[PDB]
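Everything below concerns the one structure shown next.
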Amino acid sequence: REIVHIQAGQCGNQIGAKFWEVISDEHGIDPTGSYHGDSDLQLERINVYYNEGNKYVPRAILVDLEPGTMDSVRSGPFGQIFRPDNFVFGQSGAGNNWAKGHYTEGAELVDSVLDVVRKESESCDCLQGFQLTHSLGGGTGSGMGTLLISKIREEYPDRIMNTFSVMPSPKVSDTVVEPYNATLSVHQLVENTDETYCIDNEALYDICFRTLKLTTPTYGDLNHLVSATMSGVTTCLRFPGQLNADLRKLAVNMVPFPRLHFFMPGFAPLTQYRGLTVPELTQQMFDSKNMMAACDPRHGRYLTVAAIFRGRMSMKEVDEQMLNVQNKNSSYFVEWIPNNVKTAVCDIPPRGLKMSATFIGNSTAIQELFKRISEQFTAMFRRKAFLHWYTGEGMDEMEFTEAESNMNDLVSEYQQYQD
Amino acid sequence: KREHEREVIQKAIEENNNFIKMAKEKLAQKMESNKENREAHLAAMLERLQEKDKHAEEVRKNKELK
Ligand SMILES: COc1cc([C@@H]2c3cc4c(cc3[C@@H](Nc3ccc5[nH]ncc5c3)[C@H]3COC(=O)[C@H]23)OCO4)cc(OC)c1OC
Ligand SMILES: Nc1nc2c(ncn2[C@@H]2O[C@H](COP(=O)(O)OP(=O)(O)O)[C@@H](O)[C@H]2O)c(=O)[nH]1
Ligand SMILES: [Mg+2]
Ligand code: NA
């Protein structure tokens with residue numbers, strides 16, 4: 001059950017690169033690909049994200065319309081570990097236009113990328129599906145990313161499709177036209193992804209600014225929370241244990257209805273030598289200020305929830321905490337889905353933490369995020385502002401209208417069940 | 001979905017071409033109109049001068065007549 005990782009665009013390539021670094025450390029793989037871990041656990045499911053001179057190579061394909069981002073990764077610490085042939089980029093760049101990526105200047109490279117993917121999928125003994133990282137509000141990963149997803153779905157319609165999509169935010173914005181690109185991407189994902197982890201570039205900032213007390217968070221700061229969250233969700237897949245989660249089972253248990261495949265990640269300790277108590281981890285995990293999506297769970301209701309606790313800790317005390325939360329917060333849990341919350345414990349703790357907790361929740365509150373994006377789109381789209389940059393590529397206002405609508409429907413759906 | 005993708009990109013192509021076309025034609029019209037205009041002006045100034053030359057010949061014939 002190999003997972004073909006795929007990272008596109010600047011943001012996608014930056015966060016994906018750290019994700020590899022982090023999970024390589026945890027799995028005791030150094031930049032050269034050799035292994036030096038002290039426990040076999042590390043090598044027991046390493047094939048989920050690595051392929052083996054007894055060296056593990058990440059099963060990752062890097063994609064970009066400009067060399068710069070991919071060249072930095074190559075120069076990065078683990079730049080060696082990434083397979084050179086898996087590097088796949090062009091020179092045109094996407095000028096931050098979904099169009100330029102999903103239509104004009106991506107249709108070229110997309111084929112090249114599908115070839116590497118095909119090669120990775122062939123070697124895979126049992127292809128679990130595909131993992132993708134991108135920023136819904138840019139050009140290559142917003143637009144070209146959703147294009148590759150569609151292509152991928154046609155070739156591999158029996159595989160799980162999961163995306164770590166980085167929702168753009170005014171607090172951390174690059175261009176006025178970022179809402180437009182997000183709305184188009186959102187609708188692509190609604191239809192061609194089974195699982196999407198919404199990482200709001202807003203929240204991350206907040207967390208950093210407020211909690212972590214960082215006046216001028218840089219993109220690295222946000223990326224650091226992102227890599228941690230990533231390792232979290234991916235733990236059960238990487239490391240063996242009682243619950244050997246897989247993409248399909250993950251979708252089967254957390255997705256009551258297809259369109260509703262957007263999840264609010266949460267992590268604690270938000271970074272330290274004082275290991276938190278199992279009660280502490282459990283209260284922070286569900287803490288809004290510890291969720292990477294900028295939505296209040298109290299404003300909606302948890303369809304489904306899944307927790308993981310890495311590190312040595314009392315399994316019983318863990319179960320007790322979870323039970324308490326559910327019982328004290330019964331109103332925030334859908335009644336129609338019995339037992340909608342489940343927890344799992346991994347012995348290997350995150351890097352540099354004695355113990356942590358990762359939260360994955362399909363809350364109706366997630367609609368807040370899409371409402372924000374929809375309002376922005378509406379603001380500009382009501383006056384057709386900046387639309388010429390897309391109409392120049394051959395797009396049509398109607399297509400903007402459609403995507404706008406769909407994202408509103410999705411918002412409605414989350415509310416329906418909320419009430 | 002794939003057809004619409006091919007439609008978009010062909011639309012953007014046809015858009016650019018059409019612009020280049022319209023531009024080229026317009027510039028060619030304005031160059032010729034201006035050119036005609038300018039030559040006309042010059043040809044009329046010359047013809048006026050020639051008509052003045054004929055008047056001077058006639059004045060010379062009028063004196064010779066007397
Ligand atoms: C938090 O921990 C995780 C849980 C899951 C989901 C999941 C999601 C849920 C849920 C239960 C389950 C659970 N489902 C399951 C499967 C087989 C079973 N066999 N016998 C019992 C049994 C139960 C996981 C075991 O495999 C999965 O992928 C499943 O309740 C509401 O949301 C995936 C993970 O990866 C990301 C994960 O890591 C973070
Ligand atoms: N968290 C995070 N967000 C990023 C990063 N880089 C870019 N972004 C966001 O990505 C959006 C722009 O997309 P970009 O990376 O430039 O996409 P591209 O056209 O494919 O390169 C902006 O909202 C930024 O907020 C990053 O490294 N980390
Ligand atoms: Mg950029
Ligand atoms: Na080109």
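To be explicit about the labels: the chains of the structure tokens are called A, B, and onward in the order shown, and within each one the residues are counted from 1, while ligands get numbers from 1 in the order they are shown.
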
Mind listing the residues within 6 Å of ligand 1, only C-alpha atoms and all ligand atoms counted, as a PyMOL selection string? chain A and resi 233-237+243-246+249-250+253-254+304-308+340-344

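Contacts from chain B to chain A at a cut-off of 8 Å (only C-alpha atoms) map to residues 5, 6, 7, 8, 9, 10, 11, 12 and 15 of chain B.
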
Within 8 Å of ligand 2, counting only C-alpha atoms and all ligand atoms, which protein or nucleic acid residues do you find, written as a PDB file with N, CA, C and O atoms, in the first residue's frame?
```pdb
ATOM      1  N   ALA A   8       3.202  20.308  -5.755  1.00  0.00           N
ATOM      2  CA  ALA A   8       3.180  21.235  -6.875  1.00  0.00           C
ATOM      3  C   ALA A   8       3.203  22.675  -6.387  1.00  0.00           C
ATOM      4  O   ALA A   8       2.504  23.051  -5.436  1.00  0.00           O
ATOM      5  N   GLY A   9       3.981  23.489  -7.088  1.00  0.00           N
ATOM      6  CA  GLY A   9       3.990  24.915  -6.863  1.00  0.00           C
ATOM      7  C   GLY A   9       4.935  25.257  -5.742  1.00  0.00           C
ATOM      8  O   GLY A   9       5.527  24.394  -5.097  1.00  0.00           O
ATOM      9  N   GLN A  10       5.081  26.562  -5.505  1.00  0.00           N
ATOM     10  CA  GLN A  10       6.043  27.009  -4.508  1.00  0.00           C
ATOM     11  C   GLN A  10       5.647  26.424  -3.159  1.00  0.00           C
ATOM     12  O   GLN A  10       6.238  25.437  -2.686  1.00  0.00           O
ATOM     13  N   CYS A  11       4.535  26.927  -2.617  1.00  0.00           N
ATOM     14  CA  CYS A  11       4.021  26.482  -1.327  1.00  0.00           C
ATOM     15  C   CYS A  11       3.990  24.953  -1.219  1.00  0.00           C
ATOM     16  O   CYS A  11       4.650  24.372  -0.345  1.00  0.00           O
ATOM     17  N   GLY A  12       3.222  24.288  -2.096  1.00  0.00           N
ATOM     18  CA  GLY A  12       3.260  22.835  -2.163  1.00  0.00           C
ATOM     19  C   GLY A  12       4.654  22.232  -2.094  1.00  0.00           C
ATOM     20  O   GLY A  12       4.868  21.245  -1.393  1.00  0.00           O
ATOM     21  N   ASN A  13       5.615  22.777  -2.856  1.00  0.00           N
ATOM     22  CA  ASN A  13       6.962  22.191  -2.810  1.00  0.00           C
ATOM     23  C   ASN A  13       7.681  22.492  -1.512  1.00  0.00           C
ATOM     24  O   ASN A  13       8.384  21.623  -0.977  1.00  0.00           O
ATOM     25  N   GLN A  14       7.498  23.691  -0.958  1.00  0.00           N
ATOM     26  CA  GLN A  14       8.150  23.997   0.317  1.00  0.00           C
ATOM     27  C   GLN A  14       7.606  23.093   1.447  1.00  0.00           C
ATOM     28  O   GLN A  14       8.377  22.354   2.075  1.00  0.00           O
ATOM     29  N   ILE A  15       6.282  23.072   1.663  1.00  0.00           N
ATOM     30  CA  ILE A  15       5.752  22.286   2.773  1.00  0.00           C
ATOM     31  C   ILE A  15       6.064  20.818   2.543  1.00  0.00           C
ATOM     32  O   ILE A  15       6.434  20.129   3.486  1.00  0.00           O
ATOM     33  N   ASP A  64       6.595  21.882 -10.717  1.00  0.00           N
ATOM     34  CA  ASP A  64       6.524  23.343 -10.736  1.00  0.00           C
ATOM     35  C   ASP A  64       6.706  23.836 -12.174  1.00  0.00           C
ATOM     36  O   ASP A  64       7.369  23.180 -12.977  1.00  0.00           O
ATOM     37  N   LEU A  65       6.083  24.991 -12.497  1.00  0.00           N
ATOM     38  CA  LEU A  65       6.226  25.731 -13.770  1.00  0.00           C
ATOM     39  C   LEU A  65       7.394  26.697 -13.802  1.00  0.00           C
ATOM     40  O   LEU A  65       7.469  27.503 -14.730  1.00  0.00           O
ATOM     41  N   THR A  69      11.798  27.193  -7.284  1.00  0.00           N
ATOM     42  CA  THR A  69      11.327  26.491  -6.090  1.00  0.00           C
ATOM     43  C   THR A  69      11.953  25.107  -6.012  1.00  0.00           C
ATOM     44  O   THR A  69      12.537  24.731  -4.993  1.00  0.00           O
ATOM     45  N   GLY A  93       6.277  29.475 -15.798  1.00  0.00           N
ATOM     46  CA  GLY A  93       5.678  30.031 -14.581  1.00  0.00           C
ATOM     47  C   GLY A  93       4.194  30.274 -14.766  1.00  0.00           C
ATOM     48  O   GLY A  93       3.712  30.509 -15.866  1.00  0.00           O
ATOM     49  N   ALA A  94       3.440  30.370 -13.690  1.00  0.00           N
ATOM     50  CA  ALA A  94       2.001  30.508 -13.852  1.00  0.00           C
ATOM     51  C   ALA A  94       1.444  31.863 -13.488  1.00  0.00           C
ATOM     52  O   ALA A  94       0.234  32.022 -13.401  1.00  0.00           O
ATOM     53  N   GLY A  95       2.302  32.836 -13.263  1.00  0.00           N
ATOM     54  CA  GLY A  95       1.837  34.182 -12.993  1.00  0.00           C
ATOM     55  C   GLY A  95       0.621  34.270 -12.113  1.00  0.00           C
ATOM     56  O   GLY A  95      -0.174  35.190 -12.241  1.00  0.00           O
ATOM     57  N   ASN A  96       0.467  33.316 -11.220  1.00  0.00           N
ATOM     58  CA  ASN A  96      -0.645  33.332 -10.293  1.00  0.00           C
ATOM     59  C   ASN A  96      -1.979  33.358 -11.006  1.00  0.00           C
ATOM     60  O   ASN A  96      -2.857  34.117 -10.632  1.00  0.00           O
ATOM     61  N   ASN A  97      -2.144  32.513 -12.016  1.00  0.00           N
ATOM     62  CA  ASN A  97      -3.423  32.419 -12.700  1.00  0.00           C
ATOM     63  C   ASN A  97      -3.825  30.981 -12.798  1.00  0.00           C
ATOM     64  O   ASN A  97      -3.154  30.197 -13.445  1.00  0.00           O
ATOM     65  N   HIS A 134      -0.351  21.566  -2.068  1.00  0.00           N
ATOM     66  CA  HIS A 134      -0.487  22.721  -2.919  1.00  0.00           C
ATOM     67  C   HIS A 134      -1.213  23.844  -2.223  1.00  0.00           C
ATOM     68  O   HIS A 134      -1.851  23.631  -1.205  1.00  0.00           O
ATOM     69  N   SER A 135      -1.114  25.045  -2.765  1.00  0.00           N
ATOM     70  CA  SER A 135      -1.792  26.180  -2.190  1.00  0.00           C
ATOM     71  C   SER A 135      -2.933  26.560  -3.064  1.00  0.00           C
ATOM     72  O   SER A 135      -2.734  27.060  -4.160  1.00  0.00           O
ATOM     73  N   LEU A 136      -4.141  26.360  -2.581  1.00  0.00           N
ATOM     74  CA  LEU A 136      -5.308  26.614  -3.392  1.00  0.00           C
ATOM     75  C   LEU A 136      -5.362  28.011  -3.972  1.00  0.00           C
ATOM     76  O   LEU A 136      -6.133  28.260  -4.890  1.00  0.00           O
ATOM     77  N   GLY A 137      -4.561  28.930  -3.465  1.00  0.00           N
ATOM     78  CA  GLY A 137      -4.660  30.304  -3.918  1.00  0.00           C
ATOM     79  C   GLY A 137      -3.547  30.848  -4.773  1.00  0.00           C
ATOM     80  O   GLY A 137      -3.327  32.050  -4.816  1.00  0.00           O
ATOM     81  N   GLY A 138      -2.848  29.973  -5.469  1.00  0.00           N
ATOM     82  CA  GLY A 138      -1.748  30.400  -6.298  1.00  0.00           C
ATOM     83  C   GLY A 138      -1.994  30.097  -7.744  1.00  0.00           C
ATOM     84  O   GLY A 138      -3.099  30.268  -8.227  1.00  0.00           O
ATOM     85  N   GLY A 139      -0.964  29.656  -8.447  1.00  0.00           N
ATOM     86  CA  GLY A 139      -1.143  29.444  -9.869  1.00  0.00           C
ATOM     87  C   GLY A 139      -0.808  28.033 -10.326  1.00  0.00           C
ATOM     88  O   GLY A 139      -1.622  27.364 -10.969  1.00  0.00           O
ATOM     89  N   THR A 140       0.389  27.552  -9.991  1.00  0.00           N
ATOM     90  CA  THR A 140       0.753  26.189 -10.374  1.00  0.00           C
ATOM     91  C   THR A 140      -0.012  25.171  -9.550  1.00  0.00           C
ATOM     92  O   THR A 140      -0.706  24.302 -10.096  1.00  0.00           O
ATOM     93  N   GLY A 141       0.091  25.256  -8.223  1.00  0.00           N
ATOM     94  CA  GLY A 141      -0.555  24.247  -7.400  1.00  0.00           C
ATOM     95  C   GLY A 141      -2.064  24.466  -7.303  1.00  0.00           C
ATOM     96  O   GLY A 141      -2.841  23.497  -7.210  1.00  0.00           O
ATOM     97  N   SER A 142      -2.523  25.729  -7.266  1.00  0.00           N
ATOM     98  CA  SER A 142      -3.960  25.921  -7.329  1.00  0.00           C
ATOM     99  C   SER A 142      -4.505  25.337  -8.622  1.00  0.00           C
ATOM    100  O   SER A 142      -5.315  24.427  -8.574  1.00  0.00           O
ATOM    101  N   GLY A 143      -4.100  25.886  -9.788  1.00  0.00           N
ATOM    102  CA  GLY A 143      -4.609  25.498 -11.066  1.00  0.00           C
ATOM    103  C   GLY A 143      -4.023  24.203 -11.572  1.00  0.00           C
ATOM    104  O   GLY A 143      -4.755  23.221 -11.750  1.00  0.00           O
ATOM    105  N   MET A 144      -2.717  24.151 -11.822  1.00  0.00           N
ATOM    106  CA  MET A 144      -2.160  22.912 -12.360  1.00  0.00           C
ATOM    107  C   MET A 144      -2.402  21.734 -11.427  1.00  0.00           C
ATOM    108  O   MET A 144      -2.676  20.627 -11.893  1.00  0.00           O
ATOM    109  N   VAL A 166      -3.765  24.380   1.055  1.00  0.00           N
ATOM    110  CA  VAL A 166      -3.411  25.533   1.902  1.00  0.00           C
ATOM    111  C   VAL A 166      -4.313  26.709   1.521  1.00  0.00           C
ATOM    112  O   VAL A 166      -4.000  27.473   0.615  1.00  0.00           O
ATOM    113  N   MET A 167      -5.409  26.883   2.282  1.00  0.00           N
ATOM    114  CA  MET A 167      -6.418  27.908   1.993  1.00  0.00           C
ATOM    115  C   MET A 167      -5.777  29.288   2.133  1.00  0.00           C
ATOM    116  O   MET A 167      -5.161  29.585   3.172  1.00  0.00           O
ATOM    117  N   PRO A 168      -5.898  30.156   1.135  1.00  0.00           N
ATOM    118  CA  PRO A 168      -5.238  31.455   1.222  1.00  0.00           C
ATOM    119  C   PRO A 168      -6.042  32.348   2.153  1.00  0.00           C
ATOM    120  O   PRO A 168      -7.237  32.139   2.405  1.00  0.00           O
ATOM    121  N   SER A 169      -5.344  33.344   2.671  1.00  0.00           N
ATOM    122  CA  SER A 169      -5.834  34.276   3.659  1.00  0.00           C
ATOM    123  C   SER A 169      -5.346  35.679   3.387  1.00  0.00           C
ATOM    124  O   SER A 169      -4.178  35.886   3.034  1.00  0.00           O
ATOM    125  N   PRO A 170      -6.183  36.664   3.682  1.00  0.00           N
ATOM    126  CA  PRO A 170      -5.747  38.055   3.573  1.00  0.00           C
ATOM    127  C   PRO A 170      -4.554  38.353   4.455  1.00  0.00           C
ATOM    128  O   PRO A 170      -3.650  39.070   4.023  1.00  0.00           O
ATOM    129  N   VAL A 172      -2.060  36.625   4.997  1.00  0.00           N
ATOM    130  CA  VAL A 172      -0.836  36.175   4.363  1.00  0.00           C
ATOM    131  C   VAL A 172      -1.080  36.087   2.872  1.00  0.00           C
ATOM    132  O   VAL A 172      -1.080  34.995   2.297  1.00  0.00           O
ATOM    133  N   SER A 173      -1.314  37.219   2.238  1.00  0.00           N
ATOM    134  CA  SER A 173      -1.699  37.163   0.845  1.00  0.00           C
ATOM    135  C   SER A 173      -0.544  37.619  -0.042  1.00  0.00           C
ATOM    136  O   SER A 173       0.345  38.343   0.393  1.00  0.00           O
ATOM    137  N   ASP A 174      -0.539  37.113  -1.281  1.00  0.00           N
ATOM    138  CA  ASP A 174       0.371  37.505  -2.350  1.00  0.00           C
ATOM    139  C   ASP A 174      -0.256  38.330  -3.452  1.00  0.00           C
ATOM    140  O   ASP A 174       0.438  39.154  -4.049  1.00  0.00           O
ATOM    141  N   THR A 175      -1.515  38.116  -3.769  1.00  0.00           N
ATOM    142  CA  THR A 175      -2.099  38.869  -4.856  1.00  0.00           C
ATOM    143  C   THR A 175      -3.579  39.033  -4.598  1.00  0.00           C
ATOM    144  O   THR A 175      -4.195  38.215  -3.921  1.00  0.00           O
ATOM    145  N   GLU A 178      -6.094  36.047  -5.411  1.00  0.00           N
ATOM    146  CA  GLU A 178      -6.047  34.780  -4.689  1.00  0.00           C
ATOM    147  C   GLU A 178      -7.418  34.218  -4.373  1.00  0.00           C
ATOM    148  O   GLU A 178      -7.581  32.999  -4.519  1.00  0.00           O
ATOM    149  N   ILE A 199      -5.599  23.550   5.389  1.00  0.00           N
ATOM    150  CA  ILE A 199      -4.672  24.270   6.238  1.00  0.00           C
ATOM    151  C   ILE A 199      -4.702  25.751   5.940  1.00  0.00           C
ATOM    152  O   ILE A 199      -4.022  26.206   5.041  1.00  0.00           O
ATOM    153  N   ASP A 200      -5.472  26.512   6.703  1.00  0.00           N
ATOM    154  CA  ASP A 200      -5.610  27.944   6.466  1.00  0.00           C
ATOM    155  C   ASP A 200      -4.367  28.708   6.789  1.00  0.00           C
ATOM    156  O   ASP A 200      -3.900  28.679   7.915  1.00  0.00           O
ATOM    157  N   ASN A 201      -3.852  29.445   5.822  1.00  0.00           N
ATOM    158  CA  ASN A 201      -2.625  30.173   6.039  1.00  0.00           C
ATOM    159  C   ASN A 201      -2.915  31.289   6.994  1.00  0.00           C
ATOM    160  O   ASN A 201      -2.010  31.955   7.466  1.00  0.00           O
ATOM    161  N   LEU A 204      -2.608  29.603  10.876  1.00  0.00           N
ATOM    162  CA  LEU A 204      -1.220  29.370  11.173  1.00  0.00           C
ATOM    163  C   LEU A 204      -0.592  30.655  11.657  1.00  0.00           C
ATOM    164  O   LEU A 204       0.055  30.684  12.695  1.00  0.00           O
ATOM    165  N   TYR A 219       6.953  32.681   6.447  1.00  0.00           N
ATOM    166  CA  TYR A 219       6.349  31.497   5.840  1.00  0.00           C
ATOM    167  C   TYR A 219       6.923  30.210   6.413  1.00  0.00           C
ATOM    168  O   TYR A 219       6.196  29.212   6.545  1.00  0.00           O
ATOM    169  N   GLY A 220       8.215  30.206   6.735  1.00  0.00           N
ATOM    170  CA  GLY A 220       8.769  29.104   7.490  1.00  0.00           C
ATOM    171  C   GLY A 220       8.018  28.800   8.770  1.00  0.00           C
ATOM    172  O   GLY A 220       7.769  27.634   9.082  1.00  0.00           O
ATOM    173  N   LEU A 222       4.843  29.245   9.576  1.00  0.00           N
ATOM    174  CA  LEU A 222       3.615  28.559   9.215  1.00  0.00           C
ATOM    175  C   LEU A 222       3.931  27.162   8.724  1.00  0.00           C
ATOM    176  O   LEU A 222       3.264  26.189   9.099  1.00  0.00           O
ATOM    177  N   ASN A 223       4.991  27.043   7.931  1.00  0.00           N
ATOM    178  CA  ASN A 223       5.329  25.759   7.361  1.00  0.00           C
ATOM    179  C   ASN A 223       5.668  24.770   8.466  1.00  0.00           C
ATOM    180  O   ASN A 223       5.349  23.576   8.369  1.00  0.00           O
ATOM    181  N   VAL A 226       2.768  23.287   9.746  1.00  0.00           N
ATOM    182  CA  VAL A 226       2.225  22.445   8.681  1.00  0.00           C
ATOM    183  C   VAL A 226       2.915  21.081   8.668  1.00  0.00           C
ATOM    184  O   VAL A 226       2.254  20.037   8.725  1.00  0.00           O
TER     185      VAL A 226
END
```

Within 10 Å of residue A:271 using only C-alpha atoms, minus same-chain residues under 5 positions, as a list in words: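 In the requested format, the answer is residues 207, 208, 211, 212, 224, 225, 228, 352 and 353 of chain A.
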
Just the selected residues (N, CA and C atoms), exported as a JSON list (two decimals), in the first residue's frame, please.
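Output file again_39.json is given in full below:
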```
[["chain", "number", "residue", "atom", "x", "y", "z"],
["A", 207, "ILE", "N", -1.91, 31.62, 15.21],
["A", 207, "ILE", "CA", -1.25, 30.79, 16.19],
["A", 207, "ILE", "C", 0.11, 31.36, 16.45],
["A", 208, "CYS", "N", 0.88, 31.51, 15.40],
["A", 208, "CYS", "CA", 2.23, 31.99, 15.55],
["A", 208, "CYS", "C", 2.25, 33.33, 16.25],
["A", 211, "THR", "N", -0.55, 32.97, 20.25],
["A", 211, "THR", "CA", 0.03, 31.91, 21.05],
["A", 211, "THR", "C", 1.54, 31.87, 21.04],
["A", 212, "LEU", "N", 2.14, 31.42, 19.95],
["A", 212, "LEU", "CA", 3.59, 31.26, 19.92],
["A", 212, "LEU", "C", 4.32, 32.57, 20.05],
["A", 224, "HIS", "N", 6.28, 25.27, 9.54],
["A", 224, "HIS", "CA", 6.65, 24.41, 10.67],
["A", 224, "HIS", "C", 5.42, 23.79, 11.33],
["A", 225, "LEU", "N", 4.38, 24.58, 11.60],
["A", 225, "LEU", "CA", 3.13, 23.98, 12.06],
["A", 225, "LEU", "C", 2.59, 22.98, 11.04],
["A", 228, "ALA", "N", 4.46, 19.63, 11.05],
["A", 228, "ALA", "CA", 4.02, 18.89, 12.24],
["A", 228, "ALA", "C", 2.65, 18.29, 12.01],
["A", 352, "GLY", "N", 11.42, 15.67, 18.83],
["A", 352, "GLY", "CA", 11.62, 16.68, 19.84],
["A", 352, "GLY", "C", 10.46, 16.94, 20.78],
["A", 353, "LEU", "N", 9.50, 16.03, 20.87],
["A", 353, "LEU", "CA", 8.38, 16.15, 21.79],
["A", 353, "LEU", "C", 8.20, 14.82, 22.51]]
```

Quote the spacing between atom CA of residue A:266 and atom CA of residue A:302 in Å to one decimal place.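 Between these atoms lies a distance of 13.3 Å.
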
Please provide the set of residues having any atom within 10 Å of residue A:153, restricted to only C-alpha atoms, with same-chain residues fewer than 6 positions apart removed, written as a PyMOL selection string. chain A and resi 129-130+147+159-161+192-193

Taking C-alpha atoms for each residue, export the selection above as a tab-separated table (two decimals), in the first residue's frame.
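Printed below is part27.tsv as written:
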```tsv
chain	number	residue	atom	x	y	z
A	129	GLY	CA	-3.68	6.24	-3.86
A	130	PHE	CA	-2.05	9.63	-4.18
A	147	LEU	CA	-5.57	19.59	-13.32
A	159	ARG	CA	-7.26	5.01	-5.98
A	160	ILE	CA	-7.82	7.34	-3.05
A	161	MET	CA	-7.13	10.99	-3.72
A	192	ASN	CA	-11.86	14.94	-7.52
A	193	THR	CA	-10.51	14.48	-3.98
```

From the options A:265, A:241, A:68, A:33, which residue's atoms come nearest to ligand 3, counting only C-alpha atoms and all ligand atoms?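 Counting only C-alpha atoms and all ligand atoms, the residue closest to ligand 3 is A:68.
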
Taking the chain letters and numbering used in this document, name the residues of stretch 275-396 of chain A that DSSP puts in strand (DSSP E or B), as JSON, numbers by chain. {"A": [291, 302, 303, 304, 305, 306, 307, 308, 309, 310, 311, 333, 341, 342, 343, 344, 345, 346, 355, 356, 357, 358, 359, 360, 361, 362, 363]}

What is the distance, in Å and to one decimal place, between atom CA of residue A:359 and atom CA of residue A:152?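 It comes out at 28.4 Å.
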